[PDB]
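We place every Cβ from the backbone using ideal geometry, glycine too, and count neighbours over all the protein chains shown. Basis: the model, the stated rules and, where named, an outside source; none is laboratory data.
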Protein chains: 2
Amino acid sequence: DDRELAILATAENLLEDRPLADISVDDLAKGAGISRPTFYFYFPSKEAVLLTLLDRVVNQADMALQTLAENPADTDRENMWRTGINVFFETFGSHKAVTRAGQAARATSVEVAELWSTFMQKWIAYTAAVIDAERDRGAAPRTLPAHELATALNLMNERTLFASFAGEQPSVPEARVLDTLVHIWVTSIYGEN
Amino acid sequence: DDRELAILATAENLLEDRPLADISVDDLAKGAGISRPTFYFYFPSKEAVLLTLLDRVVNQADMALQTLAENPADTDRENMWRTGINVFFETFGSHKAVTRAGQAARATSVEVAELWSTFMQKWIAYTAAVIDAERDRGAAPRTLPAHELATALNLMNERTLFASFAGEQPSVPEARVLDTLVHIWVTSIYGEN
Ligand SMILES: Cc1cccc(CC(=O)NCc2cc(O)n3nc(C4CCOCC4)cc3n2)c1
Ligand SMILES: Cc1cccc(CC(=O)NCc2cc(O)n3nc(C4CCOCC4)cc3n2)c1
């Protein structure tokens, strides 16, 4: 456990500086102060190490969103959506290396693709349930199917946050991405059509 | 040229059935009715073949959008945005195998990442110029910076169309994705805040 956490911290450090393809099991064992065979006790592969790093970051974001859902919802509609989107901005934004490599690996790894898909379904279904509540209370108009709207807005957040964090071209500057997403969620949820 | 087009058609056919990683230069030469060394005359690699397939599809979408921009803009604002988004829905939707492999390769290939980035900058800048025109004429309110709004809506279309075409979970059904994107573009462009 000592040593497991030591391997994980070494992988997150090395991913800040190069891809997983460029990090060797030997690099990971060296950093964690264990032998290579001792590494293979804790993790079947460097790929299994990334999968565990991603699982921790995804669960941290999920647990923060549940925390927010526990307490009452803000009496200001725009602020209620900003606070929830900010959970993802801060959590993944605090773990950009893990995030970047995580997204790369989804094309590679069925396990990584499956983890990402399970969490996105959970977050889309929660988004859809809040839009349905807003429509029930008379605050939001009955336009698009709620689940479809929730799907597109969640995919937009995924691609846009990732582009900002990786500093891709094109991308919204990190300092502008929360305002930009909140504007699009609010106008599309409350907007008549 | 005969033979180049024959290699390209074979690669698009084989990509419908498996990834590029699972297609051999020998597979491509076999399909096009040439020898392996004759293949290496036309293309340095199977990767170079994908890059050429993607370039043709991207240019087809770009040339269709220029066609639409040539003719006057529809007197119905919602229809003007649907027609333009539909260019991307139909073009990439007619070449799903190339699209799917194209997106996979961006993590792999600097050349593929660079081609995709050049076209997205062009499409975002055109989107931003139409929003600016709409604001100038008094039709759209001056909310978010136009280029930032254009960036987020274009990234949303990228991730959402690709998820629908690859049938990922989660995804908007292909039969619902155009209505869903148009709703979000229109409410976010014309929506007061
Ligand atoms: C309050 C409230 C009420 C209702 C719903 C929410 C949830 C919310 O608002 N946003 C959800 C959300 C969902 C996602 O699937 N993602 N995915 C990302 C990517 C993760 C890391 O790569 C880049 C971004 C962000 C994100 N956000 C909140
Ligand atoms: C009329 C008018 C006035 C102003 C602007 C437009 C342009 C428009 O409306 N949409 C642009 C647009 C841009 C993109 O960068 N993409 N990227 C995709 C992905 C391509 C293949 O992978 C999945 C989708 C679609 C797309 N669309 C049109």
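Quick notes on this structure:
- Checking A:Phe43 against (1) over 22 Å from A:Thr118 (Cβ atoms); (2) buried (at least 16 other Cβ atoms within 10 Å of the Cβ); (3) among the hydrophobic types (A, V, I, L, M, F, W, C), the condition it does not meet: (1)
- Residue match in the range B:161-182 (condition: more than 13 Å from ligand 2 (Cβ to nearest atom), touching a residue at least 40 places away in the same chain (Cβ under 8 Å) and assigned to a loop (DSSP other than H, G, I, E, B)): no
- In this entry, A:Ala139 passes the filter for residues that are within 22 Å of A:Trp81 (Cβ to Cβ), more than 9 Å from ligand 1 (Cβ to nearest atom) and assigned by CATH to the domain that holds A:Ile184.
- Taken together, B:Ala133, B:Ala128, B:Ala166, B:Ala150 contain a single residue that is of a type in the set (A, V, I, L, M, F, W, C), more than 16 Å from ligand 1 (Cβ to nearest atom) and closer than 27 Å to B:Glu16 by Cβ, which is B:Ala166.
- Entry remark, the range B:111-134: residues being hydrophobic (A, V, I, L, M, F, W, C), within 13 Å of another protein chain (Cβ to nearest Cβ) and either surrounded by fewer than 16 Cβ atoms within 10 Å (Cβ to Cβ) or under 13 Å from the mean Cα position of the chain (by Cα) (or both) number 9 in total.
- Pairs, first under 18 Å from A:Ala61 (Cα atoms) in the range A:123-135, second within 16 Å of ligand 2 (Cβ to nearest atom), C-beta under 6 Å, six or more apart: A:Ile124/A:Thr151; A:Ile124/B:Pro170
- When B:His147 is tested against (1) over 30 Å from A:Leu115 (Cβ atoms); (2) surrounded by 21 or more Cβ atoms within 10 Å (Cβ to Cβ), only condition (2) is not met.
- Residue ID - nearest to A:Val172 (Cα to Cα), chosen from residues in the range B:164-181 that are at the interface with chain A (Cβ under 9 Å from one of its Cβ atoms) and in contact with a helix residue (DSSP H, G or I) (Cβ under 6 Å, 6 or more places away or on another chain): B:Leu181
- Within the range B:66-89, the set of residues being without any contact (Cβ under 8 Å) to a residue 12 or more places away in the chain and within 16 Å of B:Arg56 (Cβ to Cβ) comprises B:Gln66 only.
- The residue of the range A:165-192 that is nearest to B:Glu192 (Cα to Cα), among those that are among the acidic types (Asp, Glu) and out of contact with any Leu (no Cβ under 8 Å at 6 or more places or on another chain), is A:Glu192.
- Against the numbered list (1) within 8 Å of ligand 1 (Cβ to nearest atom); (2) polar (S, T, N, Q); (3) over 14 Å from A:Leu161 (Cα atoms), A:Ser109 comes up short only at (1).
- Some residue of the range A:78-87 being within 14 Å of another protein chain (Cβ to nearest Cβ), near ligand 1 (Cβ under 9 Å from one of its atoms) and among the charged types (D, E, K, R): yes
- Top-ranked residue of the range B:160-176 - restricted to ones that are closer than 21 Å to A:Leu161 by Cα and of a type outside the set (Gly, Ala, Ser), ranked as surrounded by the fewest Cβ atoms within 10 Å (Cβ to Cβ): B:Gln169
- A:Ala73 vs. criteria within 11 Å of ligand 1 (Cβ to nearest atom) and within 21 Å of A:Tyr190 (Cβ to Cβ): yes
- Whether a residue is in the same structural domain as A:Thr160 (by CATH) and surrounded by 13 or more Cβ atoms within 10 Å (Cβ to Cβ) was assessed, and A:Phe92 passes this test.
- The one condition in (1) crowded, with 21+ Cβ neighbours inside 10 Å; (2) facing chain B (nearest Cβ under 7 Å) that A:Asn157 fails to fulfil: (2)
- Residue in the range A:68-76 that is out of contact with any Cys (no Cβ under 7 Å at 6 or more places or on another chain), crowded, with 16+ Cβ neighbours inside 10 Å and not aliphatic (A, V, I, L, M) present: no
- From the options B:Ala146, B:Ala150, residue that is out of contact with any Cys (no Cβ under 7 Å at 6 or more places or on another chain) and more than 10 Å from every other protein chain (Cβ to nearest Cβ): B:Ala146
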